[PDB]
Ligand SMILES: [Zn+2]
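Numbering (PDB author numbering), first residue to last: 1 to 46.
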């Protein structure tokens, strides 16, 4: 779907939660931690 053409470099593993690119699949997962702790109780208001 999304536009995909040869040009700029894109990380092989990107967070599907926020959209952070990483050169290592391991690192990405680690960051996923901050995602497993949502805060539905705050001004977040979505
Ligand atoms: Zn993320």
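Virtual Cβ for every residue (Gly too), placed ideally from N, Cα, C.
Inter-residue spacing [alpha-carbon to alpha-carbon] between residue i and residue j
i, j, result
"residue 46", "residue 37", "15 Å"
"residue 43", "residue 2", "32 Å"
"residue 22", "residue 28", "6 Å"
"residue 12", "residue 40", "31 Å"
"residue 33", "residue 4", "29 Å"
Contacting residues, own chain, Cβ-Cβ under 6 Å from residue i (five flanking each side not counted)
i, result
"residue 17", "35"
"residue 9", "none"
Close-in-space but distant-in-sequence residues of the same chain around residue i (CB under 7 Å, 5 per side omitted)
i, result
"residue 31", "15, 20"
Opening and closing residue of the alpha helix (DSSP H) in which residue i lies
i, result
"residue 31", "25-31"
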